[PDB]
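**Q** pasting the sequence and an experimental structure:
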Amino acid sequence: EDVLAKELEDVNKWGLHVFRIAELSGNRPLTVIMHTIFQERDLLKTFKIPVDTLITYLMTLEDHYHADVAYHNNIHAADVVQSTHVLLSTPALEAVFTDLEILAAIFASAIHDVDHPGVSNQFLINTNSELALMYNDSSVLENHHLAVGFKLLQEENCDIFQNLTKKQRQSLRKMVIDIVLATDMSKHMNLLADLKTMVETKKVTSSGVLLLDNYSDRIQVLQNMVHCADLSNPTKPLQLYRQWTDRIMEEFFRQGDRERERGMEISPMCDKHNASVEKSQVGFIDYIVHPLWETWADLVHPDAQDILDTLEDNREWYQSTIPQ
Amino acid sequence: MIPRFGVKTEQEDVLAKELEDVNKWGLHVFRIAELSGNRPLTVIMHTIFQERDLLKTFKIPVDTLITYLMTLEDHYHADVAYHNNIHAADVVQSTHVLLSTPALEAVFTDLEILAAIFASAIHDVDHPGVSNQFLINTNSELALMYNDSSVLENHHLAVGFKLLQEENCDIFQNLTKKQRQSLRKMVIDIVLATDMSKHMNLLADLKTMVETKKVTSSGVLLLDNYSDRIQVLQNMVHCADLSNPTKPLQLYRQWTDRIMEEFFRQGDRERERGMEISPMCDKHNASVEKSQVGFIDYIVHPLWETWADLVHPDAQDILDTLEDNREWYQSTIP
Amino acid sequence: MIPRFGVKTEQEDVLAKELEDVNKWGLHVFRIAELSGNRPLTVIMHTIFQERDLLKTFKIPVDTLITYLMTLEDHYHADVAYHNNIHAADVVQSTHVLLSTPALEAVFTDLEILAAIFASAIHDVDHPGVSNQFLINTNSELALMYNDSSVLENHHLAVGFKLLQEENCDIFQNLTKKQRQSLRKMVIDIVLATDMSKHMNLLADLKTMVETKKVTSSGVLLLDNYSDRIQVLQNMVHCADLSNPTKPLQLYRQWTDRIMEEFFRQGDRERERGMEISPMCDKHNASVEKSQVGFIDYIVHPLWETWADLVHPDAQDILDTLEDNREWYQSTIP
Amino acid sequence: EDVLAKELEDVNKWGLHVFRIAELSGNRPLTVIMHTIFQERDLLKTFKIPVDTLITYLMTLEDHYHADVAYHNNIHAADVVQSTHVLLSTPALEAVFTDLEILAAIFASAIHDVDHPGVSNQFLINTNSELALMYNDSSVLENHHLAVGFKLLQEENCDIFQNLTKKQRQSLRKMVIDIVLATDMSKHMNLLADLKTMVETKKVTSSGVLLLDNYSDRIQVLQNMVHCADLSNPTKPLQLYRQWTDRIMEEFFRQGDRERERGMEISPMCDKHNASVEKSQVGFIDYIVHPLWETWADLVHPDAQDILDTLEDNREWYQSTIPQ
Ligand SMILES: COc1ccc(-c2ccc3c(c2)COC3=O)n2nc(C3(C(=O)OCC(C)C)CC3)nc12
Ligand SMILES: COc1ccc(-c2ccc3c(c2)COC3=O)n2nc(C3(C(=O)OCC(C)C)CC3)nc12
Ligand SMILES: COc1ccc(-c2ccc3c(c2)COC3=O)n2nc(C3(C(=O)OCC(C)C)CC3)nc12
Ligand SMILES: COc1ccc(-c2ccc3c(c2)COC3=O)n2nc(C3(C(=O)OCC(C)C)CC3)nc12
Ligand SMILES: [Mg+2]
Ligand SMILES: [Mg+2]
Ligand SMILES: [Mg+2]
Ligand SMILES: [Mg+2]
Ligand SMILES: [Zn+2]
Ligand SMILES: [Zn+2]
Ligand SMILES: [Zn+2]
Ligand SMILES: [Zn+2]
């Protein structure tokens, strides 16, 4: 408990020992990290959130992440929350976002993978699952994460937004939806193209912070921020990154074992018999993660330079462990 | 031509004579609704399935088709003045006429044709007669389920597909897996395009296609990729949905009465609830005639002019009727 | 027009004068439905809540009550002839009168009163105008969700509670968890008891209670456990649901006209689908009068005679009206 | 492969090594045991069930049992299926049930706990969970297990009943609902009362098997049969029984840990700090399992004598471990 309170002092740092916090909290990393961030940002007072209500909702939300899913679980959620909390604190964005925008980004991060079954949208579509039927094969999981995250507010003593005005609730809800729907990898190339356009036309205020003077630009930055947090594993200290790689490959390989036993075509990087884990990480960095983080780094220059350096060091480490 | 080789009733002969106009713009769809005992969608869909030989092509058991159509029609609301089974029947039949345009002869496969007419049939099913924004503002279960995003269009799809699971309702039971996967994708792409939030981008793409328009030796449109094929089918069904002002005036006037009854009821619900009354939903501060002229000038004529260019000159009489009706409504403005 | 300003409109004053009968058997509920612009459930629930001081007792904000009532009423189907918002308003008002019977003076708590009146309000919400068996035989999604077991009664409850989550609809927001759990249990026990499959066991239990009937110091029923208290509330609401033949004949006949319209519509759907036509649903082979005498002799009279024994002699005039109406229907049979 | 085939030779015996089968099948005990039983009973030929359709439905059903739940998982499902299969085979029921009734009992067994979250109905009710709202706090999970088991027939190549006639489908669906809704412990006392009445008025055919000449009696026996299978753990060899007790207590204590952290009242026998594992097992046997199994044993006398003897031996063993 002393040891937990001590790990939690690193909540404003890139590279928080999130797996240690998961162990020390009795598998409550999302609850303890969200509560710590809400206290640090004074969101309970700003939004008149009863503390019992916040903890009941966080326990409820965390309980709806699957303990049997190796990657898309409550530890990933806690990690995305905490990574978004650090990116919101970047000097280039100081005083740019309102308290409601900050609440939206953090809540969006907390709920963004809730009730993830550990299989892809394409798996749910191919099996004619009830989820794919309900969501017309379109951002199936991302739509579901949102509906679950909002629906859990109706459980006993779970409505953390009970003291927001209707106008606050409507704005918070629209921003959360816009953010989580943007975590669908189908939207990655269009999000990145828009971030690059903003970098090429970047304006700063006289205080040297980003100028975002319309909803479109404000929500683009929040979408790309939470997308960066979601795609942040290769930017973390290598000891953390390697644990995340082991977890995503366990999850992918289990999907491929389900595809194989069902006579389905095995999804890319899901065949444990035809795998190159290290080459796949170098490819993920070269094609997805480095392009995104290099553009983010230009938007907030020079705030993210150490994150980009770590990304490049970690890319060289995976390259160096690709077998013969 | 309905063959006759036996004596039949009054009502039967009149219904049969009206159904002979199923391949024409300006079908007497309200008369068919009355004559069929409020089964316009069932009788019009069945007639079009026969006209296109879809039962034979897709091995649809006739009992299954009739059961599915009556089930689908039963999930349109009898108390909704505009977004009901008569509108569904009208969009199906309008789409059926647009598929037959000379510029599209032999362009679409039987499965694409099936997708366009099935999408038309289901595109407003279980419509409550209020807008997405009303469902969003009340924190409706539907708005929660669909994250405030194309709420009703998502729902229409889910319902239209779910109704295939009722007893003897699976009209696709004899499709192969590959046909079902392709049909499903096309139907989703078409119905989600009927959200008016999508209209400006749809119209932009149709405009781009007109400018880069390629024709075959036959003088018929060249559509050689899914993106172009689905864009035409999306715009085709959206034209069918927005076709009321292009119809013979006696039809157009009834469609206007119905949409304004539905809008005014929504405004009466907003008023009683202390909500902001939605645009053209306030019966105390409405200009039905000005709104139709605005609807034509800013939505319907821009779409239909662009459609008429894609299929030039096939849609000239439709555009002429639209321009005449616009002048009629204009002339009734105080 | 002269704007209104804190005085009733003439139509509102006429509605107020009709609502002076809210404590009487035989309220002009159809006239209330017309005068209120098809808001009988909202206006009658609001009147009864004010009369029983339930807003102060349960700290229910008036805007929340009105919002929830309009929402609930809006989820009754305007196209369904019998199982609609007028039927809900009638069961509410009938329950309200039964709760006031001298034999029950000071017996029930405010929470039990709230449970009986709320249960009555929600007991048929979102009724599609067809029977459980119709929904089971068509493999409807509702029958799938509820395992063919009290399908509509389960749905009415789920919808009545789910609508509390719409914007400014949670009328129970100020109740304690203990109050909410008790209210919820009582409401569920009552509405599930409106399934006619439960009628014989409910009546068997009411008879047992009449036989072992104990009064108190003041000649009022003694109910000293949950089992007997809920039994009486279940039978009370079931009598209210089955009250139409106990009303003045001008009201009873409007109810018979509506149930037969609803039943015949179900039979027309069964006929067109090739299904067996349900009992009393064939408009070509029905005896409305024989069916009402049967309904009374086998279902309504045995229930009301037993209720009348429980509350002796408070229900004598209700039982006399029932017997007079039974004689009237019998005398109209060829 | 060869070891699995060897263990599955025991599929017609009480006391099958179901945990070993779970390990050898790669956590597919439900799929392999159902497939074996369908093949043994010739149900694929009788009901024209395509073998690929059967295996796809079984793996889909098995996948909807939660891998993180210690007791109410695919191993429990496999166990209840196999236990029902042995009970249907009893001499007293030879040629009594039709192939459709046998199919109904084995299908109901397979689906009877699907999508169990590892918490009780009361926990779902107290939290205002979406399931409890849908089901009006009434047989919440039992209704849900049925809805799920039927809905999964609609996934791609899952409709194992596609070649039944309409009348066969209507009959099967009614029987399956009747059987699963009877696994609700709220129905146990009325079910046992009716089984006792049947034993008191027991008739046998001219061939000496149970005489059941109406639906009410036939469904009564199938309901009690699957209820016996569900409550069969204390009747198994003690090494199997103790493994089941370890699992149900892990599941209960996890529920109590969730109640405690939420500030809820801890459910009976869910408090790991105030537990009587051994006294609870003896109470369970004395008040529920022994009255049920003694009555079943009367109904099929003497077929269940060894099962009843094992139950009484295990009851004495646990009694011997209860502190003073
Ligand atoms: C620690 O390494 C990882 C962490 C996280 C993810 C990841 C997987 C799926 C999603 C996301 C991230 C965000 O939204 C998703 O749907 N991946 N994904 C890969 C590879 C992959 O296949 O990436 C391509 C995908 C994301 C299109 C194998 C290389 N590695 C990693
Ligand atoms: C015969 O006249 C009409 C027919 C149909 C429609 C219509 C209404 C709503 C939707 C659609 C069409 C398609 O998707 C929808 O959500 N309207 N709508 C208008 C006006 C209107 O407000 O237009 C709104 C635009 C954005 C649809 C008053 C002029 N008139 C008519
Ligand atoms: C004014 O006359 C009526 C009013 C109300 C009802 C009624 C119908 C269905 C339900 C209930 C009441 C309560 O729960 C139900 O499911 N019936 N039902 C009949 C007949 C009938 O079939 O009654 C037998 C039913 C109740 C099983 C045709 C004679 N008449 C009337
Ligand atoms: C290996 O021993 C066990 C196995 C299974 C079960 C069990 C638990 C819950 C349900 C069922 C069985 C069937 O339907 C249910 O809702 N129990 N339950 C107990 C105790 C218990 O609490 O029993 C009372 C329950 C059955 C209400 C601790 C003593 N032990 C065992
Ligand atoms: Mg995700
Ligand atoms: Mg629409
Ligand atoms: Mg009812
Ligand atoms: Mg169970
Ligand atoms: Zn994620
Ligand atoms: Zn439409
Ligand atoms: Zn009723
Ligand atoms: Zn079980």
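**A** Nice, thanks for sending it over. Numbering: from 1, shown residues only, chains lettered A, B, ... in the order given. Ligands and ions are numbered 1, 2, ... in the order given.

**Q** could you pull up phi and psi at the residue of the stretch 51-200 of chain A found nearest ligand 9?
**A** Nearest residue of the stretch 51-200 of chain A to ligand 9, counting by C-beta to the ion: residue A:113, 4.3 Å away. C-beta coordinates here come from the backbone N, C-alpha and C atoms, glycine included. When read as degrees, to the nearest 10, the backbone of residue A:113 gives phi -120, psi 20.

**Q** in space, what's closest to it - neighbours in sequence excluded?
**A** Using C-beta to C-beta, 6 or more residues apart in numbering or on different chains and skipping the chain neighbours, the partner closest in space to residue A:113 is residue A:72 (4.8 Å).

**Q** tell me if I'm right that the one you found and residue A:64 touch.
**A** No - counting by C-beta atoms under 8 Å, residue A:72 does not reach residue A:64; the two are 11.9 Å apart.

**Q** so for the two, which residue has more residues nearby?
**A** residue A:72 (23 against 19; other C-beta atoms under 10 Å in any protein chain shown).

**Q** dump the residue contacts of the more buried one.
**A** A:65-66, A:113, A:116, A:118, A:251 (C-beta atoms under 8 Å, 6 or more residues apart in numbering or on different chains).

**Q** how about those residues in a markdown table, adding neighbour count and secondary structure?
**A** Below are the contacts of residue A:72 laid out as a markdown table (neighbours: other C-beta atoms under 10 Å in any protein chain shown; DSSP: H, G, I helix; E, B strand; the rest coil):
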| residue | neighbour count | secondary structure |
| --- | --- | --- |
| A:65 | 22 | coil |
| A:66 | 19 | coil |
| A:113 | 26 | coil |
| A:116 | 21 | coil |
| A:118 | 19 | coil |
| A:251 | 21 | helix |
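
**Q** and the stretch 151-300 of chain A, which residues reach chain C?
**A** Contact residues (C-beta under 8 Å from any C-beta of the partner chain) of the stretch 151-300 of chain A with chain C: A:154, A:156, A:166.

**Q** and the gap between the last one and residue A:177?
**A** Noted for residue A:166: a distance of 16 Å to residue A:177, by C-beta to C-beta, to the nearest Å.

**Q** neighbour-wise, which of those two wins?
**A** Ranked by neighbour count (other C-beta under 10 Å), residue A:166 and residue A:177 place residue A:177 first, with 20 against 11.

**Q** the more buried one: which element?
**A** Following DSSP states H and E, one finds residue A:177 within helix A:166-181.

**Q** just the CA coordinates for the next helix or strand after that helix, please, in CSV.
**A** Following helix A:166-181 in sequence order, the next helix or strand is helix A:188-200 (DSSP H and E). C-alpha atoms of helix A:188-200 as CSV (Å, rounded to 0.1, in the frame of the first residue of the first chain):
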residue,chain,number,x,y,z
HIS,A,188,-5.5,5.7,-39.0
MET,A,189,-4.4,6.9,-42.5
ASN,A,190,-7.0,9.7,-42.7
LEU,A,191,-6.3,10.9,-39.1
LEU,A,192,-2.6,11.0,-39.9
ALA,A,193,-3.1,12.9,-43.1
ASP,A,194,-5.2,15.5,-41.2
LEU,A,195,-2.5,15.7,-38.4
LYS,A,196,0.2,16.3,-41.2
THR,A,197,-2.0,19.0,-42.7
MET,A,198,-2.3,20.7,-39.3
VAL,A,199,1.6,20.5,-38.8
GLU,A,200,2.1,22.1,-42.3
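
**Q** same for helix A:188-200, what does it pack against?
**A** Helix A:188-200 makes packing contacts with helix A:215-230, helix A:290-299 when contacts are defined by 3 or more C-beta pairs under 8 Å, 6 or more residues apart in numbering or on different chains; DSSP states H and E.

**Q** same list (these) but as JSON lines, adding mean neighbour count and distance to residue A:128.
**A** Shown next, in JSON lines, are these (neighbours: other C-beta atoms under 10 Å in any protein chain shown; distance: least, C-beta to C-beta, whole Å):
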{"stretch": "helix A:215-230", "mean neighbour count": "21", "distance to residue A:128": "28"}
{"stretch": "helix A:290-299", "mean neighbour count": "20", "distance to residue A:128": "33"}
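
**Q** near ligand 1, which residues of the stretch 51-200 of chain A are found?
**A** With C-beta under 6 Å from any ligand atom as the criterion, the stretch 51-200 of chain A meets ligand 1 at residues A:183, A:185.

**Q** helices along the stretch 51-200 of chain A, start to end?
**A** For the stretch 51-200 of chain A, applying DSSP state H, counting those that start in this stretch gives helices covering A:51-63, A:74-88, A:99-111, A:121-126, A:130-134, A:140-151, A:166-181, A:188-200.

**Q** which of those helices is buried the deepest?
**A** helix A:74-88 (a mean of 25; mean count of other C-beta atoms under 10 Å in any protein chain shown).

**Q** what's that one packed up against?
**A** On a contact count with 3+ C-beta pairs under 8 Å, 6+ apart, helix A:74-88 meets helix A:18-24, helix A:29-40, helix A:99-111, helix A:215-230.

**Q** residue of the stretch 201-324 of chain A nearest ligand 3, please.
**A** Here the residue of the stretch 201-324 of chain A nearest ligand 3 is residue A:262; by C-beta to the nearest ligand atom that distance is 44.5 Å.

**Q** could you check how far that residue is from ligand 8?
**A** Taking C-beta to the ion, to the nearest Å as the measure, residue A:262 falls 27 Å from ligand 8.
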